[PDB]
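If you read the sequence from its start, that first residue is 1, and numbering goes on from there. Atoms considered below: every heavy atom in the structure, side chains included; atoms not considered: hydrogens, waters and symmetry mates.
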Amino acid sequence: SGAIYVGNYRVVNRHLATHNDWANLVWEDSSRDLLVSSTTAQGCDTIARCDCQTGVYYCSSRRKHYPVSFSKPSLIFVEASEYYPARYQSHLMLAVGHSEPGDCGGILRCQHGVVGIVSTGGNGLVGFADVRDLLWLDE
Ligand SMILES: Cc1ccc2c(ccn2CC(=O)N2CCC[C@H](C(N)=O)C2)c1
Ligand SMILES: [Zn+2]
């Protein structure tokens with residue numbers, strides 16, 4: 001679990017969005033596993049606007065942060081799950097690191113701000129949904 005709070009927006013994994021997220025929907029994209037909903041309170045986070053390929057992410061299944069080198073946002077095949085059919089997920093960045101299903105939502109940050117959130121994993125892999133291209137999140 002986890003979310004980004006920026007301005008009057010809440011960014012979450014689309015597969016973990018609540019009834020309230022869908023009732024306050026701003027934008028969603030199944031191909032990216034992202035959903036953004038509106039909030040009444042002002043958010044705590046800053047979004048990075050950069051091309052960093054190193055950063056640190058929070059891994060809830062270890063209660064720890066880990067440094068990572070990650071690939072540029074790209075179209076990557078993701079196997080079928082209970083949430084989606086087998087498909088290409090876009091704007092996804094892979095890295096070597098520990099991740100388990102419940103780790104989705106952990107934030108990845110670089111020196112400039114929030115880069116994205118955990119969205120996929122594998123045997124010693126962790127994948128992040130990029131948010132740096134969503135310029136409208138901070139107008
Ligand atoms: C070994 C292992 C296996 C599965 C793992 C992990 C770490 C996370 N997941 C779940 C995962 O990747 N899913 C399920 C939820 C929806 C995701 C998506 N963006 O399509 C794909 C680690
Ligand atoms: Zn950066």
Side-chain angles (χ1 to χ4, degrees):
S1 65
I4 305 164
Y5 294 92
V6 50
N8 293 290
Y9 296 127
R10 162 173 144 106
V11 189
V12 292
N13 292 93
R14 191 191 184 273
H15 74 275
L16 298 178
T18 67
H19 299 305
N20 276 325
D21 285 322
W22 276 105
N24 294 284
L25 179 63
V26 170
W27 168 85
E28 54 76 32
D29 186 336
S30 176
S31 77
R32 293 179 67 153
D33 184 43
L34 288 182
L35 182 146
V36 176
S37 60
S38 58
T39 69
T40 52
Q42 213 74 29
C44 60
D45 294 305
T46 284
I47 307 302
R49 303 296 182 194
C50 69
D51 64 352
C52 285
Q53 280 187 253
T54 66
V56 173
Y57 77 105
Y58 180 68
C59 172
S60 62
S61 64
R62 292 289 180 271
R63 291 211 190 94
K64 268 175 176 146
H65 297 259
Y66 290 110
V68 279
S69 290
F70 51 93
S71 65
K72 291 186 172 173
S74 68
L75 204 41
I76 295 174
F77 179 83
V78 180
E79 201 184 343
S81 67
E82 49 261 72
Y83 306 100
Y84 297 108
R87 75 208 213 284
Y88 288 85
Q89 175 161 324
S90 63
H91 298 266
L92 184 62
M93 297 175 300
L94 298 189
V96 175
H98 182 71
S99 71
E100 288 173 45
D103 286 323
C104 289
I107 286 176
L108 169 64
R109 282 185 162 263
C110 66
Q111 67 187 110
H112 304 109
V114 172
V115 170
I117 51 170
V118 175
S119 178
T120 75
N123 203 355
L125 291 163
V126 54
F128 309 95
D130 186 47
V131 301
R132 294 175 289 185
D133 63 313
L134 303 176
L135 311 183
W136 54 268
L137 280 176
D138 41 42
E139 16 280 324

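Partners of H15 by ring pair (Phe, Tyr, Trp, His ring centres under 6.0 Å), not counting sequence neighbours, listed by chain and number: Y83.
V56 and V114 are members of different hydrophobic clusters when ILVMFWY side chains are connected at heavy-atom separations under 4.5 Å. A chain of hydrophobic side-chain contacts below 4.5 Å, direct or via other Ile, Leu, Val, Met, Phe, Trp or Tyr residues, connects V36 to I47. Under a hydrophobic clustering in which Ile, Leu, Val, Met, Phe, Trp and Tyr are joined whenever their side-chain heavy atoms come within less than 4.5 Å, directly or via other members, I117 and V126 fall into different clusters. Connection of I107 to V6 is established within a shared hydrophobic cluster, with ILVMFWY side chains joined at heavy-atom distances below 4.5 Å, either directly or through further cluster members.
Closest of all the heavy-atom pairs between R14 and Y84 is CB-OH, 3.6 Å. When all heavy atoms are compared, the tightest approach of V26 to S38 is CG2-N, 3.7 Å. Summarising the geometry of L35 relative to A17, their closest heavy-atom pair is CD1-CB, 3.8 Å, with the distance given to 0.1 Å. Of all heavy-atom pairs spanning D45 and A3, the tightest one is OD2-O, 4.3 Å. Minimum interatomic distance between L108 and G55 (heavy atoms only, all atoms of both residues): CD1-C, 4.1 Å. Nearest heavy atom pair, residue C110 against residue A48, reads SG-CB, 3.7 Å.
Proximity of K64 to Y58: side-chain heavy atoms (C-beta onward) are nowhere separated by under 4.5 Å. Here the side chains of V118 and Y57 are in contact, with some heavy-atom distance below 4.5 Å.
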Distance-only donor-acceptor pairs under 3.5 Å for side chains of residues 65-76, two or more places apart:
residue, atom, partner, partner atom, Å
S71, OG, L94, N, 3.0

For residues 132-139, please give each side-chain donor-acceptor pair under 3.5 Å, one per line with the distance, not counting sequence neighbours.
residue, atom, partner, partner atom, Å
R132, NE, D130, OD1, 2.9
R132, NH1, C50, O, 3.3
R132, NH1, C52, O, 2.9
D133, OD1, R32, NH2, 2.7
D133, OD2, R32, NH1, 2.9
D138, OD1, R49, NH2, 3.2
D138, OD2, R49, NH2, 2.9

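Distance check: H91 NE2 to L34 CG gives 9.0 Å after rounding to the nearest 0.5 Å. If you take CZ on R109 and OG1 on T46, they are separated by 7.0 Å, rounding to the nearest 0.5 Å.
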Criterion side-chain contact (heavy atoms from CB on, under 4.5 Å) on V78 and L92, from CA distance to verdict: CA-CA 10 Å; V78 180; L92 184 62; 4.1 Å; yes
Derivation and outcome, side-chain contact (heavy atoms from CB on, under 4.5 Å), residues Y9 and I4: CA-CA 8 Å; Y9 296 127; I4 305 164; over 6 Å; no
Salt bridge (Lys or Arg N to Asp or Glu O under 4.0 Å) evaluation trace for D33 with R87: CA-CA 11 Å; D33 184 43; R87 75 208 213 284; 5.3 Å; no
Stepwise side-chain contact (heavy atoms from CB on, under 4.5 Å) check, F77 with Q89: CA-CA 6 Å; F77 179 83; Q89 175 161 324; over 6 Å; no
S90 vs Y88, side-chain contact (heavy atoms from CB on, under 4.5 Å): CA-CA, chis, key distance, verdict: CA-CA 6 Å; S90 63; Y88 288 85; over 6 Å; no
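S37 pairs in a side chain to side chain donor-acceptor pair (under 3.5 Å) with only one of the listed residues (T18, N8, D21), which is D21.
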